[PDB]
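Student: Quick one: experimental structure and sequence below.
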Amino acid sequence: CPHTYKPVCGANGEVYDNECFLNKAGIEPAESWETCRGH
């Protein structure tokens, strides 16, 4: 994946550097950033 930084939130609550890494990690895109807020 390109090591650029355009962060995306995964349905597992984890924040990936970009869409490609989210995909590689086999994680569903979260519905919203609320999923990665921490509370």
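Tutor: Cool, got the structure. Numbers count the residues shown, from 1 in each chain.
Student: Now do the same contact list for residue 19.
Tutor: 6, 8, 29 (CB atoms under 8 Å, 6 or more residues apart in numbering). All C-beta atoms are positioned from the backbone trio N, CA, C, and that covers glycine.
Student: For those, which single residue is the most surrounded?
Tutor: Within the contacts of residue 19, neighbour counts (other CB atoms under 10 Å) peak at residue 8, which reaches 19 neighbours.
Student: do you know how far that residue is from residue 28?
Tutor: Residue 8 sits at a distance of 11 Å from residue 28 (criterion: CB to CB, to the nearest Å).
Student: before we move on, the earlier item: how about the contacts of residue 19 in JSON lines, adding distance to residue 14 and secondary structure?
Tutor: Formatted as JSON lines, those follow (distance: CB to CB, whole Å; DSSP: H, G, I helix; E, B strand; the rest coil):
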{"residue": "6", "distance to residue 14": "15", "secondary structure": "coil"}
{"residue": "8", "distance to residue 14": "10", "secondary structure": "strand"}
{"residue": "29", "distance to residue 14": "12", "secondary structure": "strand"}
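Student: Nearest to residue 22 among those residues?
Tutor: residue 8 (5.1 Å; CB to CB).
Student: so that closest one makes contact with residue 23?
Tutor: No - counting by CB atoms under 8 Å, residue 23 is not a contact partner of residue 8; they are 9.5 Å apart.
Student: residue contacts, residue 28?
Tutor: Residue 28 neighbours (CB under 8 Å, 6+ apart): 10, 11, 12.
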